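Quick notes on the structure that follows.
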Amino acid sequence: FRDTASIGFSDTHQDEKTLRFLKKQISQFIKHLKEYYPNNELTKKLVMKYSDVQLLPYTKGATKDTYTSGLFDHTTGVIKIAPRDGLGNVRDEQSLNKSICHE
Amino acid sequence: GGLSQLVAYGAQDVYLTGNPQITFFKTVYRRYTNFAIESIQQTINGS
């Protein structure tokens, strides 16, 4: 849950090619003496320096859960009509289980 | 015994027990979210 999407390696924009890359540029471009091309056309040379990415998805929905804020945790004297919160000490699970076990 | 006190009821008790709101003898506890606590040791950097 660290929230670190980083690769953590020199692969984002390092451009780990050899010196042969300068010759590959002459393959991407069309030349024989490139000492005059970047002094004039710098936009195309900036276009030949761009990375290709791939995005990633994930989704989990939402947890709509109310009933929070439990500050006073000592006890709570029940209201006059206690048989509205009294039949909650044991839910319908341990109430239906004892009836199904009768067979 | 205790019955002799219950019968000692008057106008004054209207501010204590008349028109009652609560009791003390049937506590209803709150249900709560499931959780657990673990004690874990941390790494201390430096010296």
* Asked: Within region A:79-94, can one find any residue that is touching a strand residue (DSSP E or B) at 6+ places or on another chain (Cβ under 7 Å) and either on the phi > 0 side of the Ramachandran plot or within 14 Å of another protein chain (Cβ to nearest Cβ) (or both)?
  -> yes
* Can you tell me how many residues in region B:4-33 are within 14 Å of chain A (Cβ to nearest Cβ) and among the small types (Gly, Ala, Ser)? -> 1
* Checking A:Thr12 against (1) surrounded by fewer than 10 Cβ atoms within 10 Å (Cβ to Cβ); (2) out of contact with any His (no Cβ under 8 Å at 6 or more places or on another chain); (3) hydroxyl-bearing (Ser, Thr, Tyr), which single condition isn't satisfied? -> (1)
* Asked: Which members of region A:44-103 meet the condition of being outside any loop (DSSP other than H, G, I, E, B), of a type in the set (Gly, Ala, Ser) and over 24 Å from B:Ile22 (Cβ atoms)?
  -> A:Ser95, A:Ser99
* **Residue, farthest from A:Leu55 (Cα to Cα), within region A:18-35, restricted to residues that are charged (D, E, K, R) and loosely packed, with under 10 Cβ neighbours inside 10 Å** => A:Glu35
* Odd one out for A:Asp73, checked against (1) within 14 Å of chain B (Cβ to nearest Cβ); (2) over 41 Å from the mean Cα position of the chain (by Cα) -> (2)
* Asked: For region A:47-70, which residues satisfy the criterion of being facing another protein chain (nearest Cβ under 8 Å) and of a type in the set (S, T, N, Q)?
  -> none
* To do: Would you check if there is a residue in region A:36-53 being surrounded by 10 or more Cβ atoms within 10 Å (Cβ to Cβ), more than 19 Å from B:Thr33 (Cβ to Cβ) and of a type in the set (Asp, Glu)?
  => yes
* Asked: Across region B:17-47, what is the total count of residues that are within 12 Å of A:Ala82 (Cβ to Cβ), part of a loop (DSSP other than H, G, I, E, B) and not hydroxyl-bearing (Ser, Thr, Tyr)?
  -> 6
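Counting neighbours? That spans all protein chains shown, and the Cβs are built from the backbone with ideal geometry, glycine included. Rule-based calculations on the coordinates, nothing more; no lab input.
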